[PDB]
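Chemist: Pasting in a structure now, in structure tokens, and then I'll have a few things to ask.
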Amino acid sequence: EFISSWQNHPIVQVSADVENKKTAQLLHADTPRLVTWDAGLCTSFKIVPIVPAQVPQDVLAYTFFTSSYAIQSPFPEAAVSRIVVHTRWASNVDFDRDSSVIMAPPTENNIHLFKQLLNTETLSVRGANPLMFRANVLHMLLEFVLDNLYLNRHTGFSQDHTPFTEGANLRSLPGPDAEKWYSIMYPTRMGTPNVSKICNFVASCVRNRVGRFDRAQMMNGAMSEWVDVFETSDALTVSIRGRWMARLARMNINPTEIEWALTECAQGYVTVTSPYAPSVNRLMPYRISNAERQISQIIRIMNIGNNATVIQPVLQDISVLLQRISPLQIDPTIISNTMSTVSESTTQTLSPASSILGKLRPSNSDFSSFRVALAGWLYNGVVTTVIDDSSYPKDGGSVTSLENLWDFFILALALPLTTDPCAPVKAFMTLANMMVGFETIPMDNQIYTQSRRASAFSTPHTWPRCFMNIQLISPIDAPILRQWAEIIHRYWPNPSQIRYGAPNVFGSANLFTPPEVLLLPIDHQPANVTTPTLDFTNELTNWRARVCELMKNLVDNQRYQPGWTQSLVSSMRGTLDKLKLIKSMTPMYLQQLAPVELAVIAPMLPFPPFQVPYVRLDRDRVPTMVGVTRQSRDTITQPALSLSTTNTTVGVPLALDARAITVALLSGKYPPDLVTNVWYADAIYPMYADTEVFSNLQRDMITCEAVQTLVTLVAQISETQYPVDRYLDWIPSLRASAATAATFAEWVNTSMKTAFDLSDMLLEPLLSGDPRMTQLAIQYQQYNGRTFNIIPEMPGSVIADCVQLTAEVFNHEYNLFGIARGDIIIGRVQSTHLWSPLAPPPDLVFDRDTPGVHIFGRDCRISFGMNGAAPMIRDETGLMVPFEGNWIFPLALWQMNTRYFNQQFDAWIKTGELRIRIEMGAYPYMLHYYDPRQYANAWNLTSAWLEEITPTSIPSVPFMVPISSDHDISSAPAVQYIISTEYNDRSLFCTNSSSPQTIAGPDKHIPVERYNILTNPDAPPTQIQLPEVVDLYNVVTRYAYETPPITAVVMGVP
Amino acid sequence: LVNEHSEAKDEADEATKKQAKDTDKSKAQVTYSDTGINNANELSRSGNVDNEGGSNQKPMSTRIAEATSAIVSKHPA
Amino acid sequence: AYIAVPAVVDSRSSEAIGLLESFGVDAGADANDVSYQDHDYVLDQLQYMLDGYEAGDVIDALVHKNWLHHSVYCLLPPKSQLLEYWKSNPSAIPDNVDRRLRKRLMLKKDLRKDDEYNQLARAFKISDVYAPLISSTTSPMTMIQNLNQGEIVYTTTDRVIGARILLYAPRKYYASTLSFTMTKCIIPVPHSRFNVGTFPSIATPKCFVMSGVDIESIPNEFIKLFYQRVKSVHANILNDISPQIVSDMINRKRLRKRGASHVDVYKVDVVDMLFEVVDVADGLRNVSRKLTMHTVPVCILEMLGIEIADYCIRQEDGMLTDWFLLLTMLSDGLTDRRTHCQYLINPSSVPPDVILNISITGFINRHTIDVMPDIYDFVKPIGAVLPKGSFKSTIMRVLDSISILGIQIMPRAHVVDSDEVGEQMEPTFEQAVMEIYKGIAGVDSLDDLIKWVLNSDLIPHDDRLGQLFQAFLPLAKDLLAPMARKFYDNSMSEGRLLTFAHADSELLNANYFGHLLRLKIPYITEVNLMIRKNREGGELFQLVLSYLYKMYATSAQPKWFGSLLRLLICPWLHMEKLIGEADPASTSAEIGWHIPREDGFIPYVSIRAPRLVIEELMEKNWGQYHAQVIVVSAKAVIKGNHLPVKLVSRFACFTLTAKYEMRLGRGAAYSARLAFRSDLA
């Protein structure tokens, strides 16, 4: 029943997204589209006709005008012409950034541009909410900048064959119908037969500044490296592209340092070559500062925060790569062969060999879990590999059981390879549990007694006193267990370090450790031969030997031995002896080769290593918390102060299988004839033909760029802690809340993703939380309380700077963007004069300090007239006044009482002597031209505008401006109601451009300062007049650099 | 309109192919391509660039065609 | 010069079809300038490779292939078979072999128990003779590099990619290999100035790539994945070029009917349509929105005249015009070009988001897509599911008035309305739904029910609608389902029909037989109801009914409605361009059920195709399928299995629906087999 319901499921949007695919993002990220080439004109401003020229006419014969001879003109030949922004209206690009900003001529409505952001509540299609004008303008400027990120392309030239120029070189545009461009690029090339405006302007210009200006021809017979040309353009886009190219050039590298980096990162196992001769200036933008890498690393950490499903596939990928590169493979039969030789009697009820072989079951697939355990060493910051619960004995076990003895053996060998700091305590408590009743020790309290599950001891606070202080364990009452504790303290592996990477190209994303440094939980000792042979001088070999000796002492104890038959004792000790001297090559591999492989692999990871120091037994330095922050508290501004109380803990444990790791430790063999320097040279060679790392570097650059853009943009509509300029305060804006900021940030993120062609997700972790106080930091804390924090000092950002530059320019050229500044005055003006309403005569306007005015505020209230008395309204001073004179309203005051005010004031405004000034700040505007010789009344337009005002939306202000003429005309009355407050008519370009002069109506010659290079013989060619006046004819640098793939220039030696 | 590096590589292949034919063998014993030297920066003269260093993606005559067609004026109405 | 396009390319076939101008590149004079490389076998090798490696690394390795450099694999037998091969015909042994082994192989003795040849064989490996080898433990990058330089690459496995595969020693020796894909026998091409291949390579700084940025528009799955990965890894080192650029670089110095072969009719060209919603409510204009239409076939655009200008889409009545309905009906929805969300059309002239005049701007993408929905194995009756308020009457009327080639496709008699099941009962389903209200506490009339369930904004309260469903579902599942079952069972008897429904669960619970299609619309269906006047129980009741059906539907993604109309129309419209001139007597055919006692024959399928195609069709085993015909208004029933679609052709566009009737007397149930009674000529 035309109630306009069921129009609400419209534009109201959706933001909630299910994001289980963090793994896909982490394993591979889309590369930004950095380099793009533009072959067209580096301009974004278009001159358009508005009113066709008065041709033919009864005054001048048609033979005078230039158009009658079909001569192309650099400028429109029209009665009225104006300037309109139209990004890339002449460009010819290869990749589209799909962020165009286009308006229509002011005679055509342009309201839809300013209602694009937050007018989801606006009903009318012709209206928009003034309070989001600032946000809409900021979005428009951001898209304006983004659409212009292109590199100018060098096309080609041709010498002139006509006397119009002194043999200049003219650049040829690509694409079809290139004829029209030659008349637009070079205004000075036109002939000057007439006295008209265009001909006069051209004749008053310099003649040698046209076409090609300078070039750098390096190689005879190849493309010129770059050129400089005089051609139509705008200073703003030229500056933007210049700084963009400057950033790209700062990011450049050359092949020689590339081969140096690749040689370094491969540890000398791979040799690559680069050419040595005059090149052609390729462009390979891959070098970025360490700060950007740290920012990207922190963002990446915050994604995988406290989630295991996101990190586990990374570990499997690393395991697969390691298995692909490593020379170590499982010996199928070593354990069975060595255990089949022990001697035993067939009359025994038990057989140690049976039990051990039953527990081992070497399924050959155990090296996968061994490899993931190895990979865990690189990410102890977020992932803490631990032994699964199921590996421990079910009820706690007992030393009298053979099965429990073998379980203890498996756990004892498996534990030292995990990244869990609390591992040694669990190793000790594993035996302590089995030894209960048999042999006792003092524990801390009644909860964590000697009979707790060994896996329960997980934090430094639970470390038993007796374990840290050996003397508490009685050498008489507990010999075996004291011996075990001494073994743990004296023979646990010592962590070490190793250098890796190529910092001068790849940078370094290390946070809590020095660059190039990679920590290990095992001491590394480089091998000095390339033909390895079996050796027993290893940490892990000593560990296994000590464990076997401890078991042997346990069996032979006189308090425990008499429970066993002598034959069983002999078999057991023989089995332990066999296990002691097994010929497993894995400890050698871990001590000598594995660190080299990790160092080789690490720089090529998609997720660079993130480590915290390994502490052997210093309970004071065990890390207990790793946190990141993305916000700041209420009043705290300095990140070093709010970091402690605004961080979110990050980390997650991962479970492994002790059986598998023990099998790996026991059954490793090398290929029958191994020569390491050949094996690795053969294996590593393919894997350094991968260019994913450089792509990751570019992605990292864009991440920080976007973060800085977000903070700078948000610092405009709200209040933040960072210093920032402010040029758009005069544009009205609402009192922003958290929700408004979140919506604005979502829009910014969408725009940036679209512009650079990113299909994955960007900035999302920052969207959660309030974006008005963003800050990036990270810290971790030891057990003793000493804390360490890292605050990456934010680098620059070209896009934010360019956006601010365009905003600063907008503070002067707001007319060109279809925006009028100031206020409006509503009042009847009837006369035959021809002044433009956009440039009203000074006497018609008034302001707050004009004598005899009335200012009105929040207390609008009206007393109706009675018995002929005039109605009255209350001034802000408490005076009662009639409906006449000059008033001043804040606009919201009219918005909140539209209907009442219309009904009360329209008659007096139309016919009486009432004039009102509405305070707007800024507003879109519309033009309606009219014939001066005909009667014209503008009351209908103003009436519609007034009546369509809504407490949420207003429509574009309509103006009625006369049409300029180039010959004598009659006059006719005109009734005007709306005039602007100050000058707002900077958009106009020329009037009667094809005629000798303008007789009636507003007059305007070609803006001379827009062509300062041509008009001023003394100006240097490279002068610009920003931010006050944008020029329309500049010196443009066009490049011809190559962007070859990495493998095309650097080829390895097989 | 082929890249100078491509032509240097493409010309190398053809020379190697005719070497094999001249010595009635499938695989040439002496080759001008796939050598140890990383001669990536090599350039060969090609018809892609003119004498002004511009791109020859549009011929000289045609470029002159559009250039001086924009200056012509016709007999008046 | 190398150019990669996002489509499968073959040396012989893709040339006959205008592949380049299937995209938009003119290429006027051939002059033997463009050349094509066969990449189909490469795609097959990629699919085979996917069984042992990740997609990403395989694609990454394959990118570095130089397609202008000629090289090929050389499959070898297993070692033990290789030696015994060398024993026979000892004239192929390479000179690199150990002289002791060569001398022993020519011994001409059986070598069964030599006991010295044994040791020599044991301590022998293929790599000792052939330098570049692949042994199933080799990264694809290594293979690509090996093919990049050198002509012959030796391998001991068939799971390789990049080039053709030749055979070493005769097939008898290869026992582990069974695939017949492209393994050339023991029995054993230049480059044109331009070369076109499906894959894009970075082996050269200027191997060009087609536009290829419309990743979603690529039909094939594998090519789509390949292009996506390539641009997601090497976005900044690609040379993107547009069709106009290709046309220029082909026709630079020169500019200043596909011959005769079998022609497929289910390959159509589609384009993206760009336009806007200009409002001219006054003398001025507006640019309110900018939108895009996705899958618009070119044949339709050329059929009904579409230029680029200021089109108005409303008539004096106030509703939309027919051609605009058809155009929006053939596409895959709309999309706003500022915010990339989906867009829906307000049909009515109600202030919020009105569309009265539009202006076309241009056409961006162009590619050829298959039209066969691929769920069309057997010729079966078709059931389409559309929500209430989907212009059913208008669509039916528009479809009925299509008499393209004397056949009048999709007649009104061959379609059954959704509501047809409703009036089978003397009290229809609708009044039972109306009377549901008596089962709800606190509701005394249908009007009370309406004001109770809606919240003054025509929105169900999302809870009260719960009990509405609670009461309504037993009615449907206990009354409508059985009568629908009988209705569909009888309907199948008269022949193939087009069936419309409101929720697919209706057809599922009725045990419907035939192809099932769920289709959606690029409009707001709910608003289509309350404007449609002359309703029985009030429009709001219709809204509630539509909500009930939407809740009744299953969980399945409905395709765009255009996927049906495209198959219904475009093949016929294309074929008219070929058959529009020939004698209909020769270029016509008929398929129907044969019954011996002039002679009994009832039509089943109508076939139109060129003479050669019909002649090829004439010799097919049409007698293999049998049915039982009973009796002008005859009707039959098929036993066994239905007719497979490929038996008709990928050519010879046919009729989707048929009605059973006997052409000029006791009721009989004899038998039937179908025969190719098409014609003599």
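Residues in the structure tokens are numbered from 1 in each chain, the chains being A, B, ... in the order shown, and ligands are numbered from 1 in the order shown.
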Please report, as CSV, each residue of chain A lying at most 6 Å from chain B, together with the nearest pair of atoms and the separation in Å rounded to one decimal; use only C-alpha atoms, and order rows by chain and ascending residue number.
Modeler:
```
residue,atom,partner,partner_atom,distance
A:68,CA,B:76,CA,5.6
A:69,CA,B:76,CA,4.7
A:70,CA,B:73,CA,5.7
A:71,CA,B:73,CA,5.2
A:155,CA,B:55,CA,5.6
A:156,CA,B:54,CA,3.8
A:179,CA,B:66,CA,5.2
A:222,CA,B:53,CA,5.9
A:223,CA,B:53,CA,4.2
A:224,CA,B:53,CA,4.7
A:274,CA,B:38,CA,5.9
A:275,CA,B:38,CA,5.4
A:279,CA,B:41,CA,5.7
A:1049,CA,B:40,CA,5.7
```
Chemist: Please save N, CA, C and O atoms of the selected residues as a short mmCIF file (atom, residue, chain, number, x, y, z; two decimals), in the first residue's frame.
Modeler:
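The new file again.cif reads:
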```cif
data_model
loop_
_atom_site.label_atom_id
_atom_site.label_comp_id
_atom_site.auth_asym_id
_atom_site.auth_seq_id
_atom_site.Cartn_x
_atom_site.Cartn_y
_atom_site.Cartn_z
N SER A 68 34.99 27.61 -39.06
CA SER A 68 34.44 27.53 -40.40
C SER A 68 35.42 26.95 -41.40
O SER A 68 35.00 26.54 -42.49
N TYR A 69 36.71 26.91 -41.08
CA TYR A 69 37.72 26.30 -41.94
C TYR A 69 38.13 24.92 -41.46
O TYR A 69 39.13 24.39 -41.94
N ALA A 70 37.38 24.34 -40.52
CA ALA A 70 37.64 22.99 -40.03
C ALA A 70 39.05 22.85 -39.47
O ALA A 70 39.74 21.87 -39.74
N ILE A 71 39.48 23.83 -38.70
CA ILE A 71 40.79 23.80 -38.08
C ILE A 71 40.66 23.27 -36.66
O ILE A 71 39.85 23.78 -35.87
N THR A 155 57.25 6.24 -25.81
CA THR A 155 56.66 5.64 -27.01
C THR A 155 57.52 5.82 -28.25
O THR A 155 57.96 4.84 -28.85
N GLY A 156 57.77 7.06 -28.65
CA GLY A 156 58.48 7.32 -29.88
C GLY A 156 58.06 8.63 -30.49
O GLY A 156 56.98 9.16 -30.22
N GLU A 179 44.85 11.00 -34.36
CA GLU A 179 44.84 12.32 -34.98
C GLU A 179 44.49 13.44 -34.01
O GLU A 179 45.16 14.47 -34.02
N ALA A 222 69.52 1.09 -29.54
CA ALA A 222 68.54 0.63 -28.57
C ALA A 222 67.66 1.80 -28.16
O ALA A 222 67.91 2.95 -28.55
N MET A 223 66.64 1.51 -27.37
CA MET A 223 65.72 2.56 -26.95
C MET A 223 66.45 3.60 -26.12
O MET A 223 67.33 3.28 -25.32
N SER A 224 66.09 4.87 -26.32
CA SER A 224 66.59 5.92 -25.46
C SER A 224 66.16 5.64 -24.03
O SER A 224 65.05 5.17 -23.78
N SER A 274 76.37 -13.62 -13.21
CA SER A 274 75.72 -12.43 -13.71
C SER A 274 76.54 -11.83 -14.84
O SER A 274 77.77 -11.96 -14.85
N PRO A 275 75.90 -11.17 -15.79
CA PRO A 275 76.64 -10.57 -16.90
C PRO A 275 77.49 -9.41 -16.44
O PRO A 275 77.23 -8.76 -15.43
N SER A 279 74.63 -2.51 -19.39
CA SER A 279 73.26 -3.01 -19.34
C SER A 279 72.32 -1.95 -19.92
O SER A 279 72.75 -1.01 -20.58
N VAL A 1049 68.10 -12.88 -16.00
CA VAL A 1049 69.38 -12.20 -15.95
C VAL A 1049 70.42 -12.98 -15.16
O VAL A 1049 71.61 -12.91 -15.49
#
```
Chemist: Write down, as a ChimeraX atom specification, each residue of chain B that has any atom within 9 Å of an atom of chain C, counting only C-alpha atoms.
Modeler: /B:1-3,5-6,10,13,27,33-34,57-59,62
Chemist: I need the contact residues of chain C against chain A, so if you could list those with any atom within 7 Å, counting only C-alpha atoms, and return them as a list in words, that would help.
Modeler: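 Only these qualify: residues 141, 142, 202, 203, 204, 205, 232, 233, 235, 236, 237, 240, 241, 284, 285, 286, 287, 288, 352, 457 and 458 of chain C.
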Chemist: With a distance cut-off of 9 Å and only C-alpha atoms, select the neighbouring residues of residue 26 of chain C, excluding the residue or stretch itself and same-chain residues fewer than 6 positions from it, and output the selection as an NGL selection string.
Modeler: :C and (20 or 243-244 or 246-247 or 250-251)
Chemist: Take the residues from that selection and write them out as a PDB file, in the first residue's frame, keeping C-alpha atoms.
Modeler:
```
ATOM      1  CA  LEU C  20      41.576 -14.976 -32.027  1.00  0.00           C
ATOM      2  CA  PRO C 243      42.899  -7.420 -27.990  1.00  0.00           C
ATOM      3  CA  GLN C 244      43.193  -4.056 -29.721  1.00  0.00           C
ATOM      4  CA  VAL C 246      47.126  -7.628 -30.684  1.00  0.00           C
ATOM      5  CA  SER C 247      45.110  -6.437 -33.671  1.00  0.00           C
ATOM      6  CA  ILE C 250      49.279  -8.171 -36.315  1.00  0.00           C
ATOM      7  CA  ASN C 251      47.922  -5.641 -38.825  1.00  0.00           C
TER       8      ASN C 251
END
```
Chemist: Could you tell me how far atom CA of residue 671 of chain C lies from atom CA of residue 652 of chain C, in Å and to one decimal?
Modeler: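 Going from atom CA of residue 671 of chain C over to atom CA of residue 652 of chain C covers 28.1 Å.
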Chemist: Residues at most 10 Å from residue 88 of chain C, counting only C-alpha atoms, excluding those fewer than 6 positions away in the same chain, as a PyMOL selection string?
Modeler: chain C and resi 105-106+108
Chemist: Go ahead and dump the residues you just picked, N, CA, C and O atoms, as a compact mmCIF listing (two decimals), in the first residue's frame.
Modeler:
```
# COMPACT_ATOMS: atom_id res chain seq x y z
N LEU C 105 77.87 -58.54 -24.25
CA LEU C 105 76.54 -58.54 -24.83
C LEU C 105 76.52 -59.12 -26.24
O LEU C 105 75.48 -59.66 -26.65
N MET C 106 77.62 -59.03 -26.97
CA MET C 106 77.70 -59.61 -28.30
C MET C 106 78.15 -61.06 -28.29
O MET C 106 78.49 -61.60 -29.34
N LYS C 108 76.65 -63.73 -28.14
CA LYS C 108 75.73 -64.58 -28.89
C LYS C 108 75.34 -65.83 -28.12
O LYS C 108 74.53 -66.63 -28.60
```
Chemist: Find the residues around residue 364 of chain A up to 8 Å (only C-alpha atoms counted), leave out those fewer than 2 positions away in its own chain, and share them as a list in words.
Modeler: residues 330, 332, 362, 366 and 367 of chain A
Chemist: For those residues, write N, CA and C atoms to a file as a PDB file, in the first residue's frame.
Modeler:
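The resulting again_11.pdb:
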```
ATOM      1  N   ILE A 330      65.918 -43.798   6.580  1.00  0.00           N
ATOM      2  CA  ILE A 330      65.808 -44.808   7.623  1.00  0.00           C
ATOM      3  C   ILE A 330      66.527 -46.078   7.207  1.00  0.00           C
ATOM      4  N   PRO A 332      66.218 -49.823   7.273  1.00  0.00           N
ATOM      5  CA  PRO A 332      65.047 -50.682   7.498  1.00  0.00           C
ATOM      6  C   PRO A 332      65.230 -51.702   8.605  1.00  0.00           C
ATOM      7  N   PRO A 362      59.092 -49.874  14.185  1.00  0.00           N
ATOM      8  CA  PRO A 362      59.556 -48.783  13.313  1.00  0.00           C
ATOM      9  C   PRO A 362      58.812 -48.688  11.991  1.00  0.00           C
ATOM     10  N   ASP A 366      58.044 -42.533  10.583  1.00  0.00           N
ATOM     11  CA  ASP A 366      58.362 -41.778  11.778  1.00  0.00           C
ATOM     12  C   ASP A 366      59.216 -40.563  11.465  1.00  0.00           C
ATOM     13  N   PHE A 367      59.928 -40.587  10.341  1.00  0.00           N
ATOM     14  CA  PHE A 367      60.773 -39.460   9.983  1.00  0.00           C
ATOM     15  C   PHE A 367      59.958 -38.220   9.665  1.00  0.00           C
TER      16      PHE A 367
END
```
Chemist: Tell me which of A:118, A:1025, A:977, A:851 sits closest to residue 940 of chain A, counting only C-alpha atoms.
Modeler: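 Nearest candidate to residue 940 of chain A out of A:118, A:1025, A:977, A:851: A:977.
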Chemist: Would you mind reading off the distance between atom CA of residue 549 of chain A and atom CA of residue 444 of chain A, one decimal, in Å?
Modeler: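 Taking atom CA of residue 549 of chain A as the start and atom CA of residue 444 of chain A as the end point, the length is 29.0 Å.
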Chemist: Find the residues around residue 240 of chain A up to 10 Å (only C-alpha atoms counted), leave out those fewer than 5 positions away in its own chain, and share them as a list in words.
Modeler: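 With the cut-off at 10 Å, the set is residues 145, 146, 148, 149, 150, 235, 245, 246, 798, 799, 801, 802, 803, 805 and 806 of chain A.
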Chemist: Skip residue 679 of chain A itself and residues of its chain fewer than 4 positions away, then list as a compact mmCIF listing (two decimals) with N, CA and C atoms, in the first residue's frame all residues within 12 Å of it, counting only C-alpha atoms.
Modeler:
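Below you can see out02.txt, which holds the result:
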```
# COMPACT_ATOMS: atom_id res chain seq x y z
N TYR A 269 77.05 -23.77 -1.65
CA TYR A 269 76.78 -25.01 -2.36
C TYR A 269 76.26 -24.79 -3.77
N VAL A 270 75.85 -23.57 -4.10
CA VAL A 270 75.31 -23.25 -5.41
C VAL A 270 76.04 -22.03 -5.94
N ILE A 325 65.42 -32.62 0.82
CA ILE A 325 66.79 -32.17 0.68
C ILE A 325 67.78 -33.02 1.47
N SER A 326 67.36 -33.65 2.56
CA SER A 326 68.31 -34.29 3.45
C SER A 326 68.87 -35.57 2.84
N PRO A 327 70.11 -35.94 3.16
CA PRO A 327 70.64 -37.23 2.72
C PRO A 327 70.34 -38.37 3.68
N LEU A 328 69.69 -38.10 4.80
CA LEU A 328 69.44 -39.14 5.79
C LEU A 328 68.15 -39.87 5.48
N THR A 530 84.35 -34.44 4.07
CA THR A 530 83.24 -34.63 3.16
C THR A 530 82.91 -36.10 2.93
N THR A 531 83.58 -37.01 3.61
CA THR A 531 83.33 -38.45 3.50
C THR A 531 83.11 -38.97 4.90
N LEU A 593 75.31 -31.95 10.11
CA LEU A 593 74.68 -31.57 8.86
C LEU A 593 73.41 -30.75 9.05
N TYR A 670 73.16 -43.47 6.12
CA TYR A 670 73.54 -42.66 4.99
C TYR A 670 73.53 -43.48 3.71
N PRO A 671 73.48 -42.83 2.55
CA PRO A 671 73.68 -43.56 1.31
C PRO A 671 75.03 -44.23 1.31
N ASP A 673 77.70 -44.53 -0.47
CA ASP A 673 78.88 -43.74 -0.77
C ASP A 673 78.46 -42.27 -0.82
N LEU A 674 78.74 -41.55 0.25
CA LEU A 674 78.28 -40.18 0.40
C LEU A 674 79.46 -39.22 0.30
N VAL A 675 79.29 -38.17 -0.50
CA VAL A 675 80.21 -37.05 -0.55
C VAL A 675 79.37 -35.79 -0.43
N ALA A 683 71.35 -31.47 -4.76
CA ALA A 683 70.03 -31.35 -4.16
C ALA A 683 69.56 -29.91 -4.09
N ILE A 684 70.46 -28.99 -3.71
CA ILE A 684 70.03 -27.63 -3.44
C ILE A 684 69.81 -26.85 -4.73
N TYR A 685 70.47 -27.26 -5.81
CA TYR A 685 70.48 -26.47 -7.04
C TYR A 685 69.10 -26.03 -7.53
```
Chemist: Please extract the residues of segment 362-542 of chain A with a backbone DSSP assignment of helix (DSSP H, G or I) and present them as a PyMOL selection string.
Modeler: chain A and resi 366-379+389-391+402-417+423-434+454-456+460-462+465-468+470-472+479-491+503-506+539-542
Chemist: Going by DSSP on the backbone, which residues of segment 363-474 of chain A come out as strand (DSSP E or B)? List them as an NGL selection string.
Modeler: :A and (383-387)
Chemist: Kindly save the residues from that selection, with N, CA, C and O atoms included, as a short mmCIF file (atom, residue, chain, number, x, y, z; two decimals), in the first residue's frame.
Modeler:
```
data_model
loop_
_atom_site.label_atom_id
_atom_site.label_comp_id
_atom_site.auth_asym_id
_atom_site.auth_seq_id
_atom_site.Cartn_x
_atom_site.Cartn_y
_atom_site.Cartn_z
N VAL A 383 55.26 -21.71 18.86
CA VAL A 383 54.92 -23.13 18.92
C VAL A 383 55.89 -23.82 19.86
O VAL A 383 57.11 -23.67 19.73
N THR A 384 55.34 -24.57 20.81
CA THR A 384 56.14 -25.29 21.79
C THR A 384 55.85 -26.78 21.63
O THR A 384 54.84 -27.27 22.14
N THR A 385 56.72 -27.49 20.93
CA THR A 385 56.53 -28.91 20.72
C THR A 385 56.69 -29.65 22.04
O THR A 385 57.65 -29.43 22.78
N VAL A 386 55.74 -30.53 22.34
CA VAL A 386 55.74 -31.30 23.58
C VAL A 386 55.44 -32.75 23.26
O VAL A 386 54.93 -33.09 22.19
N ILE A 387 55.76 -33.61 24.22
CA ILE A 387 55.47 -35.03 24.08
C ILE A 387 54.03 -35.29 24.47
O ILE A 387 53.56 -34.80 25.51
#
```
Chemist: Would you work out the distance separating atom CA of residue 39 of chain A from atom CA of residue 153 of chain A, expressed in Å to one decimal?
Modeler: 5.0 Å
